[PDB]
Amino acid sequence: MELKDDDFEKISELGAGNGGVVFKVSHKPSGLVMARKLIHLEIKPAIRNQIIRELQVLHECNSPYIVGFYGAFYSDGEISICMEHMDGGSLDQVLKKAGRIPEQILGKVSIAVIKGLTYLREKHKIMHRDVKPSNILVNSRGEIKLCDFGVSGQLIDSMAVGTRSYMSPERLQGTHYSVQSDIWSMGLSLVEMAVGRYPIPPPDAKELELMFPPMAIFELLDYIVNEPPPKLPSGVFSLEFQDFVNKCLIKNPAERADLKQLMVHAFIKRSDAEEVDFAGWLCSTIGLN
């Protein structure tokens, strides 16, 4: 069934930021609750038909690790992308309430993220381009899924920041980057979730022991590309986790790990085996179940 603007009705607001805003909605004809994302774009039909035309591949994106897609349409100065409502929200949201996310949980998250990238890469030849806690969604059935990835070339164009960059050093510096760039973002996202705050600049001995101001725009990006990458603090995280992110956070794209290698790395295999109630931990920490 085709989605239309008038067939919907706002329930509430799930958050926004920079385009760029998302409602919990009701699709009257079907009964389903959906997440509707609105992207404002002043642009000529010609293109904003292409965009819509390029978003249709999302119908073909089926994976337990990819947020489900229902349809996209254009409606007075806004293109709308409708997706599965994930009632757990985004990892950036759960991190606030959680203070920190435990190593075992991030292990399950890492497995999800890696299987998603891999799926998008092998079956569709696409890089995510914007991996970070807020583009990782979770639900009460314990599922972990990626959204907001780079399906639309024309949309990639018609968009191209902030105060916190998850962009790899290479991508920050020039046109010479690609899929390996997603690994860096994942690395940084995990060190963030493991530690409770954006890991750059790294915490000093003082803050370190306490846990266990803003930076200027150039100050930040200059650090990322010219200083050593962040590390998981030692002692309080398995040595396997530490090696995993370290393999992720290597400044040189070709030296950095890729999906193949990360898929068979100690921390994955160990996390793969482990028995955890993510659904349980999630609702426990955010009050839902």
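The term rigid core refers to the most C-alpha atoms you can superpose between the two forms while keeping them within 1.5 Å. Note that residue numbering follows the sequence shown and begins at 1.
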Output the stretch, either 151-159 or 74-82, that has more C-alpha displacement from this form in 5 other deposited structures of this protein following superposition by the rigid core.
151-159
Greater Cα displacement in 5 other deposited structures of this protein once the core is superposed, comparing 137-145 with 167-175:
167-175
If you count the residues of the deposited sequence that sit between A160 and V161 but have no coordinates, do you get none, 1 to 3, 4 to 9, or 10 or more?
1 to 3
Using the PDB record, quantify the missing residues of the deposited sequence between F212 and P213 as none, 1 to 3, 4 to 9, or 10 or more.
10 or more
Stretch exceeding the other in mean C-alpha B-factor - 79-87, 199-207
199-207
Please compare 47-55 with 29-37 and name the stretch with the higher mean C-alpha B-factor in the deposited structure.
47-55
Ranked C-alpha temperature factor of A216 among modelled chain residues, by third:
highest
How does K97 rank on Cα B-factor within its chain, lowest, middle or highest third?
highest
Position of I66 among the chain's modelled residues by C-alpha B-factor, lowest, middle or highest third:
lowest
Ranked by Cα temperature factor within the chain, is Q242 in the lowest third, the middle third or the highest third?
middle
Here the Cα B-factor of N252, set against its chain, lands in the third termed lowest
